[PDB]
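Here is the structure we will look at.
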Amino acid sequence: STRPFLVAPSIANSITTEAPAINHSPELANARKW
Amino acid sequence: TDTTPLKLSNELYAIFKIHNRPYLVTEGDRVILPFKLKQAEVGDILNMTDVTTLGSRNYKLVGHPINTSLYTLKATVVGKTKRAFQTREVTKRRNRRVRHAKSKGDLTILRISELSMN
Amino acid sequence: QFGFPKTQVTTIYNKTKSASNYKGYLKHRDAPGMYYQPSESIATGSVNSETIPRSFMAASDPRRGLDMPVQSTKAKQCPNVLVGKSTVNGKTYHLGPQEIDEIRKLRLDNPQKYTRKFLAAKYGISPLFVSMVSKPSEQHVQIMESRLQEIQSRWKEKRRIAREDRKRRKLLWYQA
Amino acid sequence: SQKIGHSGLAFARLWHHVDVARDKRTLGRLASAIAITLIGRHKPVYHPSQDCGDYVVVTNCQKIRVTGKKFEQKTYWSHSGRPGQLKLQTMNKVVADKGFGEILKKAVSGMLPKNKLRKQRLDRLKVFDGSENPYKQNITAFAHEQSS
Amino acid sequence: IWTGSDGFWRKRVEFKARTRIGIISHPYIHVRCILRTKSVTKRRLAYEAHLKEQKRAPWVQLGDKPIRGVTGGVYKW
Amino acid sequence: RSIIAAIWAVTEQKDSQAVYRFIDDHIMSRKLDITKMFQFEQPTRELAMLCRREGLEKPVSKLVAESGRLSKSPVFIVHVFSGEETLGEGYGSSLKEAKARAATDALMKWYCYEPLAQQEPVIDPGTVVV
Amino acid sequence: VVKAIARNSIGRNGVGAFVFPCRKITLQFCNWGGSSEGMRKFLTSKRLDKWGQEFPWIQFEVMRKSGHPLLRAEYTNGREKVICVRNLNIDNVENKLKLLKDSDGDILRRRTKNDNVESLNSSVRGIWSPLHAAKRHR
RNA sequence: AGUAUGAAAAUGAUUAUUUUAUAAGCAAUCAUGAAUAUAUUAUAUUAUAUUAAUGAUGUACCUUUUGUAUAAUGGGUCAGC
RNA sequence: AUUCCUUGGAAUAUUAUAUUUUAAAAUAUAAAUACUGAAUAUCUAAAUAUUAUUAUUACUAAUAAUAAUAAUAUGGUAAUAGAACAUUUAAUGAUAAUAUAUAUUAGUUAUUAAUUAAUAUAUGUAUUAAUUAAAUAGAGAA
Ligand SMILES: [Mg+2]
Ligand SMILES: [Mg+2]
Ligand SMILES: [Mg+2]
Ligand SMILES: [Mg+2]
Ligand SMILES: [Mg+2]
Ligand SMILES: [Mg+2]
Ligand SMILES: [Mg+2]
Ligand SMILES: [Mg+2]
Ligand SMILES: [Mg+2]
Ligand SMILES: [Mg+2]
Ligand SMILES: [Mg+2]
Ligand SMILES: [Mg+2]
Ligand SMILES: [Mg+2]
């Protein structure tokens, strides 16, 4: 019951990384607010 | 030079050069040469004695005038007509006189009748 | 086989940055002789002899022995796409005549209770096969048709047009 | 003759992927490379009267390489119409605000031809500071590449 | 339905302060209309529209968009 | 037609093939792309039938390359394999479409086969029927 | 199932036989009218006969009409060139005639840079594909 | 300021075809898709015509000046003289 | 590509390809002429003028008309020189409503012009073709 899917080697082998804190993020803005 | 896979194919193209101008054709095409031929008249046939490249989908013979022995590529002359008339207007920037430069260059039309391996 | 040198369609200029420029190609010239230039292209609409598979050539044609409908891809790796369950696990002819008759009878009787899917589930067999076997009560069919019509009517303008376009596309995609 | 045939695949927009973690080109160079892809100059069917460029997904943009002291010292500018409202922001500041992706995008924009198509081409480029993204599925991938 | 200018508009001088002179003109027009029928003409145009729609080629995703430009007498592929 | 007939009449004995040659020069010289003549109902089934008829493993469509899934215009490349021999490449904006195209291609290949003059006149087993 | 969608064959003038494009030429002149003097001379001078001898697949009509002198020529495709040879002399008229004969009937038209070949044959090699390229992009 | 006639232009309204609501500059030229119209040889994978997708190129014209896109002269447009 | 000797050759190296052998090793081939870049030059045709050679056509034939071959020349304000066309009038002047004149559209001829076809309006019909003579003879510039 599988579907015909492929995947690029460039995207498979890409090590996981977290995106850092953007100041124009809502979350960050919340912190800033008074 | 083993020329069997060109022999065996059904579709075949050639890159013949008239006066060094390369034209890439198959059989049944109409080549519009941008000049008037004096050697050939209408209805005459030209055997191309300069063919840079013959090619199938996957193989291609090449060479500076490759032997006339190997192929037969012959075009028939259909038309000698001119390309449309134009008057490009020549003038400077504070001078009232204009020089009308007329242009109606001439064309020779061929039809690639035969294109085969020999 | 042939032991020809193989080449890309070369440009004297940088391919990455200037592939569309004809002049470069013209400028390039290669040493006289034969060459192998694999077509940088799919063979979908084509009818070229160097495109036809060996299995579809007659057992006599010299092109069979030659090597230019290349098997570049390998079937082991490629995932099955939009395939029926009978292909993955071979077809079965287990179902007898009596059973078939029974199925037909059921279909005739109550289509909404004994729908194709249900039948398939019951007899370990394809819905398509069931359909082939047995016609449902014509009343049911009529009802279905009516429903379909109603649905169509319920469409907006844009949707109808879209549908039409889709249909056209479908039609086109069997031309090749 | 050559132009005749089924040309649908040629003008198909491929999605390309560049992992900036695994690419050692410095910012500007990378941007330049991307620009070509966006324009569609890489393909032999390109004609300047046509947007035929591919999609580029950049991921791990946080690990982009910038040389010298440019991170601190390189200043991006923005002016409203109003005199005295010149904003000058250092690259680092910009990164903190929006991200490395923005930086990359700016470069790409600068690279690109300045005409109608520009904006579309720019928008084709999708950038992400970290690894994760929503386009993972649609990057071009062959069946023979599936050994990994 | 439309407006034409009718014939002979009479220009009058309109004296303003200091020695200044305007020229007032009194315009006269005519309205002409053409009334057709919803039964025939409108129906016909609707039909035409429908035909046009039918003709319209579909938007294909990988449509065979012609390779615009001259070839050059040389294969790029 | 009459002209042709006349020609035949005059050259029935001295050069029998002359008429035919003339026809070839005039009537058979005209371009017709045979690829543009076809239109298939559901080609996959037909292809399968053909395979069955011949000595071929059942045809299976398989994904060769894929790009731009989750987009307005994707590209899927599917080949129709018979064991190992690829029987028809097919591109498409959808998977289904691609599959269909592959089948059509295969059918075209089967039909429009053009053998050489050096071959011994090939005679087909008619058309596939399903 | 296979269904046939109709089509027709396209004529390629020169591939099998070659039909000569020009079919009729009508030398039109006037007895009275100085503009038609050269034409008259041409008609007189056995040149016409010579031309006929040369090119028997094309027929020469010779009309008498009150206006300026003409060389209306009729071609296979259907189109008709017409050259008014007002006030020309014999040689110029002959040249005009030659020009008429040489041309195929087709209409004049601006060509772009390097638009040489005109085929109705599908490319021998395929149209390039990004997925079937020898070199992948990056 | 004769009488007939008047598809001469400028100018107004309207209808059709087409292009146009993310786009910036003598409004054209060249390239180049697409849409529409006509065509009694479109046999078509046709030809012309119309049309501001899109791309490139492109400082109105005259006068007078060492020199003008000039923010120097002159012209509201057309018809007649 | 790098090195040596005197545009060249050689060696070395690199890249690419092919073949053999066990992703390597051996053999052969090719590439090394960087490329873009003008309305420059050449080639490829066309026009005009001159110089020098021709060929065809027709009774200053040592000419004219047309066509070749080789060469040289063909930006241009003020200005000089040469050649044409449109318009109108006078001299000579067939012809004809299937004709003509004017207009619109699409063709044609190296095209400010004329001609062809279709269409619309006149008009029992050209100061018509052509050669002369002349001009209130050509307008985005006051
Ligand atoms: Mg000046
Ligand atoms: Mg000027
Ligand atoms: Mg470049
Ligand atoms: Mg009135
Ligand atoms: Mg007052
Ligand atoms: Mg007023
Ligand atoms: Mg200036
Ligand atoms: Mg003023
Ligand atoms: Mg020059
Ligand atoms: Mg001069
Ligand atoms: Mg005057
Ligand atoms: Mg005026
Ligand atoms: Mg003027």
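Each chain in the structure tokens gets a letter, A, B, ..., in the order shown, and its residues are numbered from 1; ligands are numbered from 1 in order too.
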Determine which residues of chain D DSSP labels as alpha helix (DSSP H) from the backbone of this structure, then write them out as a PyMOL selection string.
chain D and resi 27-39+70-73+91-97+100-111+117-124
If the cut-off is 12 Å, can you tell me the residues of chain B near chain F, counting only C-alpha atoms? I'd like them as a PDB file with N, CA, C and O atoms, in the first residue's frame.
ATOM      1  N   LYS B   7      23.239   4.629 -41.683  1.00  0.00           N
ATOM      2  CA  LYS B   7      22.622   3.878 -42.779  1.00  0.00           C
ATOM      3  C   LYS B   7      21.269   3.298 -42.375  1.00  0.00           C
ATOM      4  O   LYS B   7      20.317   3.298 -43.157  1.00  0.00           O
ATOM      5  N   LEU B   8      21.204   2.805 -41.142  1.00  0.00           N
ATOM      6  CA  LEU B   8      20.049   2.060 -40.650  1.00  0.00           C
ATOM      7  C   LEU B   8      18.878   2.947 -40.230  1.00  0.00           C
ATOM      8  O   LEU B   8      17.729   2.513 -40.294  1.00  0.00           O
ATOM      9  N   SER B   9      19.161   4.174 -39.799  1.00  0.00           N
ATOM     10  CA  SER B   9      18.112   5.080 -39.314  1.00  0.00           C
ATOM     11  C   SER B   9      17.189   5.543 -40.432  1.00  0.00           C
ATOM     12  O   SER B   9      17.560   5.528 -41.605  1.00  0.00           O
ATOM     13  N   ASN B  10      15.989   5.960 -40.046  1.00  0.00           N
ATOM     14  CA  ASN B  10      15.003   6.500 -40.987  1.00  0.00           C
ATOM     15  C   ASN B  10      15.015   8.032 -41.014  1.00  0.00           C
ATOM     16  O   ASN B  10      14.925   8.638 -42.083  1.00  0.00           O
ATOM     17  N   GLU B  11      15.129   8.650 -39.841  1.00  0.00           N
ATOM     18  CA  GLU B  11      15.287  10.097 -39.752  1.00  0.00           C
ATOM     19  C   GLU B  11      16.769  10.449 -39.749  1.00  0.00           C
ATOM     20  O   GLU B  11      17.565   9.829 -39.041  1.00  0.00           O
ATOM     21  N   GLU B  27      15.277  16.059 -45.279  1.00  0.00           N
ATOM     22  CA  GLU B  27      14.654  16.035 -46.607  1.00  0.00           C
ATOM     23  C   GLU B  27      13.252  16.645 -46.550  1.00  0.00           C
ATOM     24  O   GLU B  27      12.510  16.429 -45.593  1.00  0.00           O
ATOM     25  N   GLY B  28      12.908  17.418 -47.575  1.00  0.00           N
ATOM     26  CA  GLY B  28      11.605  18.076 -47.655  1.00  0.00           C
ATOM     27  C   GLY B  28      11.579  19.502 -47.133  1.00  0.00           C
ATOM     28  O   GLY B  28      10.541  20.164 -47.192  1.00  0.00           O
ATOM     29  N   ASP B  29      12.714  19.983 -46.633  1.00  0.00           N
ATOM     30  CA  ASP B  29      12.799  21.333 -46.087  1.00  0.00           C
ATOM     31  C   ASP B  29      13.021  22.345 -47.198  1.00  0.00           C
ATOM     32  O   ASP B  29      13.422  21.985 -48.303  1.00  0.00           O
ATOM     33  N   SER B 113      15.599  17.768 -51.692  1.00  0.00           N
ATOM     34  CA  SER B 113      14.833  16.682 -52.295  1.00  0.00           C
ATOM     35  C   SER B 113      15.330  15.319 -51.816  1.00  0.00           C
ATOM     36  O   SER B 113      14.546  14.501 -51.335  1.00  0.00           O
ATOM     37  N   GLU B 114      16.633  15.090 -51.940  1.00  0.00           N
ATOM     38  CA  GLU B 114      17.257  13.855 -51.479  1.00  0.00           C
ATOM     39  C   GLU B 114      18.159  14.142 -50.287  1.00  0.00           C
ATOM     40  O   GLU B 114      18.891  15.132 -50.282  1.00  0.00           O
TER      41      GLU B 114
END
Throw together the list of residues within 9 Å of ligand 5, counting only C-alpha atoms (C1' of nucleotides) and all ligand atoms, and drop it here as a VMD selection string.
chain E and resid 14 to 17
For CA of residue 3 (chain A) and CA of residue 170 (chain C), determine how far apart the two atoms are, in Å to one decimal place.
22.5 Å
Could you list, as a PDB file with N, CA, C and O atoms, in the first residue's frame, every residue of chain A that has an atom within 9 Å of an atom of chain C, counting only C-alpha atoms?
ATOM      1  N   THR A   2       1.974   1.232  -0.731  1.00  0.00           N
ATOM      2  CA  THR A   2       2.865   2.381  -0.849  1.00  0.00           C
ATOM      3  C   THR A   2       2.546   3.170  -2.110  1.00  0.00           C
ATOM      4  O   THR A   2       1.929   2.654  -3.046  1.00  0.00           O
ATOM      5  N   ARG A   3       2.974   4.429  -2.115  1.00  0.00           N
ATOM      6  CA  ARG A   3       2.771   5.319  -3.245  1.00  0.00           C
ATOM      7  C   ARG A   3       4.096   5.596  -3.932  1.00  0.00           C
ATOM      8  O   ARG A   3       5.148   5.556  -3.292  1.00  0.00           O
ATOM      9  N   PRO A   4       4.048   5.881  -5.242  1.00  0.00           N
ATOM     10  CA  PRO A   4       5.265   6.122  -5.998  1.00  0.00           C
ATOM     11  C   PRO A   4       5.879   7.467  -5.638  1.00  0.00           C
ATOM     12  O   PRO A   4       5.518   8.494  -6.214  1.00  0.00           O
ATOM     13  N   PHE A   5       6.786   7.452  -4.669  1.00  0.00           N
ATOM     14  CA  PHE A   5       7.476   8.662  -4.251  1.00  0.00           C
ATOM     15  C   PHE A   5       8.982   8.471  -4.386  1.00  0.00           C
ATOM     16  O   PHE A   5       9.510   7.377  -4.173  1.00  0.00           O
ATOM     17  N   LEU A   6       9.655   9.553  -4.764  1.00  0.00           N
ATOM     18  CA  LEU A   6      11.103   9.605  -4.834  1.00  0.00           C
ATOM     19  C   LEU A   6      11.588  10.664  -3.856  1.00  0.00           C
ATOM     20  O   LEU A   6      10.787  11.300  -3.167  1.00  0.00           O
TER      21      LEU A   6
END
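Near ligand 8, at distances of 12 Å or less and with only C-alpha atoms (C1' of nucleotides) and all ligand atoms counted, sit the residues residues 73, 74, 75 and 76 of chain H.
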For residue 73 (chain E), list every protein, DNA or RNA residue within 9 Å, evaluated using only C-alpha atoms (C1' of nucleotides), and leave out those in the same chain fewer than 5 positions away; present the list as a ChimeraX atom specification.
/B:15,21-25 /C:22,26 /D:2 /G:114,116-117
Can those selected residues be exported to a file as a short mmCIF file (atom, residue, chain, number, x, y, z; two decimals), in the first residue's frame so that it contains C-alpha atoms?
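Contents of part.cif, freshly written:
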data_model
loop_
_atom_site.label_atom_id
_atom_site.label_comp_id
_atom_site.auth_asym_id
_atom_site.auth_seq_id
_atom_site.Cartn_x
_atom_site.Cartn_y
_atom_site.Cartn_z
CA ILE B 15 24.45 20.52 -41.83
CA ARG B 21 26.86 29.67 -43.98
CA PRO B 22 25.64 26.52 -42.22
CA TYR B 23 22.09 25.31 -42.85
CA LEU B 24 20.74 22.35 -40.91
CA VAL B 25 18.19 20.36 -42.90
CA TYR C 22 23.80 29.54 -30.98
CA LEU C 26 28.66 27.07 -34.46
CA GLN D 2 15.07 21.34 -34.62
CA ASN G 114 19.01 33.99 -39.86
CA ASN G 116 16.76 30.25 -43.23
CA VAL G 117 15.17 26.82 -43.07
#
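Rounded to one decimal, CA of residue 111 (chain G) and CA of residue 106 (chain B) lie 11.2 Å from each other.
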Given only C-alpha atoms as the basis, pick out the residue of B:87, B:95, B:49, B:56 nearest to chain G.
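Between B:87, B:95, B:49, B:56, the residue approaching chain G most closely is B:56.
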Name all residues at most 9 Å from region 78-84 of chain G (count only C-alpha atoms (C1' of nucleotides); drop same-chain ones fewer than 5 positions away) and give them as a VMD selection string.
(chain G and resid 68 to 73 96 to 97 100 105 to 107) or (chain H and resid 41) or (chain I and resid 107 to 109 114 to 116)
Using only C-alpha atoms (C1' of nucleotides) and all ligand atoms, which residues have at least one atom no more than 9 Å from ligand 1? Output them as a PyMOL selection string.
(chain B and resi 92-95) or (chain H and resi 65+67-68) or (chain I and resi 77)
Mind listing as an MDAnalysis selection string which residues of chain D are within 8 Å of chain F, counting only C-alpha atoms?
chainID D and resid 9 12:15 135 137:144
10 Å contacts from chain B to chain G using only C-alpha atoms, as a PyMOL selection string:
chain B and resi 10-13+21-34+41-45+55-59+74-86+104+107-114
Output file for the residues above (N, CA and C atoms, as a compact mmCIF listing (two decimals), in the first residue's frame):
# COMPACT_ATOMS: atom_id res chain seq x y z
N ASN B 10 15.99 5.96 -40.05
CA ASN B 10 15.00 6.50 -40.99
C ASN B 10 15.02 8.03 -41.01
N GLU B 11 15.13 8.65 -39.84
CA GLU B 11 15.29 10.10 -39.75
C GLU B 11 16.77 10.45 -39.75
N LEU B 12 17.12 11.46 -40.54
CA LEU B 12 18.51 11.86 -40.72
C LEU B 12 18.58 13.35 -41.06
N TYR B 13 19.49 14.07 -40.41
CA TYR B 13 19.70 15.49 -40.71
C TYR B 13 21.11 15.76 -41.19
N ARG B 21 28.07 29.47 -44.78
CA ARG B 21 26.86 29.67 -43.98
C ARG B 21 26.26 28.29 -43.73
N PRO B 22 26.19 27.86 -42.47
CA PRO B 22 25.64 26.52 -42.22
C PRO B 22 24.12 26.51 -42.19
N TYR B 23 23.53 25.54 -42.88
CA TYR B 23 22.09 25.31 -42.85
C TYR B 23 21.87 23.88 -42.42
N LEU B 24 21.00 23.67 -41.44
CA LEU B 24 20.74 22.35 -40.91
C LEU B 24 19.39 21.85 -41.39
N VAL B 25 19.40 20.80 -42.21
CA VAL B 25 18.19 20.36 -42.90
C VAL B 25 17.96 18.87 -42.86
N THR B 26 16.69 18.50 -43.02
CA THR B 26 16.28 17.15 -43.34
C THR B 26 15.73 17.19 -44.76
N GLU B 27 15.28 16.06 -45.28
CA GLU B 27 14.65 16.03 -46.61
C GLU B 27 13.25 16.64 -46.55
N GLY B 28 12.91 17.42 -47.57
CA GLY B 28 11.61 18.08 -47.65
C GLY B 28 11.58 19.50 -47.13
N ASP B 29 12.71 19.98 -46.63
CA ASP B 29 12.80 21.33 -46.09
C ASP B 29 13.02 22.35 -47.20
N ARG B 30 12.74 23.61 -46.90
CA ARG B 30 12.97 24.70 -47.83
C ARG B 30 14.00 25.65 -47.25
N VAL B 31 15.16 25.70 -47.88
CA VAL B 31 16.25 26.55 -47.41
C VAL B 31 16.18 27.87 -48.15
N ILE B 32 16.12 28.97 -47.40
CA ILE B 32 16.07 30.30 -47.98
C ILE B 32 17.45 30.93 -47.91
N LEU B 33 18.20 30.84 -49.00
CA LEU B 33 19.52 31.46 -49.06
C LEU B 33 19.37 32.96 -49.22
N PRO B 34 20.14 33.75 -48.46
CA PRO B 34 19.99 35.19 -48.55
C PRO B 34 20.86 35.81 -49.65
N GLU B 41 19.75 27.98 -62.18
CA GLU B 41 18.50 28.62 -62.56
C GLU B 41 17.38 27.95 -61.77
N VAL B 42 16.14 28.25 -62.12
CA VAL B 42 15.00 27.59 -61.50
C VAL B 42 14.85 26.20 -62.10
N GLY B 43 14.62 25.21 -61.24
CA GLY B 43 14.47 23.83 -61.68
C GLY B 43 15.77 23.04 -61.69
N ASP B 44 16.90 23.72 -61.56
CA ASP B 44 18.20 23.05 -61.51
C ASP B 44 18.34 22.33 -60.18
N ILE B 45 19.34 21.45 -60.11
CA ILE B 45 19.59 20.66 -58.92
C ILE B 45 21.04 20.85 -58.49
N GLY B 55 23.71 13.43 -39.21
CA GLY B 55 23.31 12.98 -37.88
C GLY B 55 21.99 12.25 -37.80
N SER B 56 21.98 11.18 -37.02
CA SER B 56 20.76 10.51 -36.59
C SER B 56 20.43 10.98 -35.18
N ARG B 57 19.40 10.40 -34.58
CA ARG B 57 19.00 10.77 -33.23
C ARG B 57 20.16 10.67 -32.24
N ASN B 58 20.97 9.62 -32.37
CA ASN B 58 22.05 9.36 -31.42
C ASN B 58 23.48 9.33 -31.96
N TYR B 59 23.65 9.19 -33.27
CA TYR B 59 24.98 9.20 -33.87
C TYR B 59 25.10 10.31 -34.88
N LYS B 74 21.01 16.31 -52.22
CA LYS B 74 20.83 17.16 -53.38
C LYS B 74 19.56 17.99 -53.30
N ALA B 75 19.72 19.29 -53.54
CA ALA B 75 18.65 20.27 -53.41
C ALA B 75 18.27 20.82 -54.77
N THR B 76 16.98 21.03 -54.99
CA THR B 76 16.51 21.63 -56.24
C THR B 76 16.13 23.09 -56.00
N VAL B 77 16.49 23.94 -56.94
CA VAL B 77 16.16 25.36 -56.86
C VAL B 77 14.72 25.55 -57.29
N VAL B 78 13.95 26.20 -56.42
CA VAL B 78 12.54 26.46 -56.67
C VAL B 78 12.35 27.90 -57.11
N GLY B 79 12.74 28.85 -56.26
CA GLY B 79 12.46 30.26 -56.50
C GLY B 79 13.65 31.18 -56.38
N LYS B 80 13.62 32.26 -57.16
CA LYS B 80 14.47 33.42 -56.96
C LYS B 80 13.56 34.64 -56.78
N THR B 81 13.28 34.97 -55.53
CA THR B 81 12.42 36.10 -55.20
C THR B 81 13.10 36.98 -54.17
N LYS B 82 12.64 38.22 -54.06
CA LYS B 82 13.23 39.20 -53.16
C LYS B 82 12.45 39.23 -51.86
N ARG B 83 13.11 39.64 -50.78
CA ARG B 83 12.41 39.85 -49.53
C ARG B 83 11.82 41.26 -49.55
N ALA B 84 10.74 41.47 -48.80
CA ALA B 84 9.89 42.67 -48.91
C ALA B 84 10.62 44.00 -48.84
N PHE B 85 10.04 44.99 -49.51
CA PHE B 85 10.66 46.30 -49.70
C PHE B 85 10.50 47.17 -48.47
N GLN B 86 11.55 47.91 -48.13
CA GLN B 86 11.57 48.77 -46.94
C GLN B 86 12.28 50.08 -47.24
N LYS B 104 15.65 45.98 -50.77
CA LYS B 104 14.85 44.86 -51.23
C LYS B 104 15.78 43.75 -51.68
N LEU B 107 16.56 36.65 -52.57
CA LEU B 107 16.58 35.33 -51.96
C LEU B 107 16.59 34.26 -53.03
N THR B 108 17.28 33.16 -52.74
CA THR B 108 17.18 31.95 -53.54
C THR B 108 16.57 30.89 -52.63
N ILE B 109 15.56 30.19 -53.14
CA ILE B 109 14.88 29.16 -52.36
C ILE B 109 15.22 27.78 -52.91
N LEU B 110 15.69 26.90 -52.03
CA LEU B 110 16.00 25.53 -52.38
C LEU B 110 14.98 24.62 -51.74
N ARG B 111 14.90 23.40 -52.24
CA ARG B 111 14.18 22.34 -51.56
C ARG B 111 15.06 21.12 -51.48
N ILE B 112 15.29 20.64 -50.27
CA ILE B 112 16.12 19.47 -50.06
C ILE B 112 15.29 18.29 -50.51
N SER B 113 15.60 17.77 -51.69
CA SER B 113 14.83 16.68 -52.29
C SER B 113 15.33 15.32 -51.82
N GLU B 114 16.63 15.09 -51.94
CA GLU B 114 17.26 13.86 -51.48
C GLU B 114 18.16 14.14 -50.29
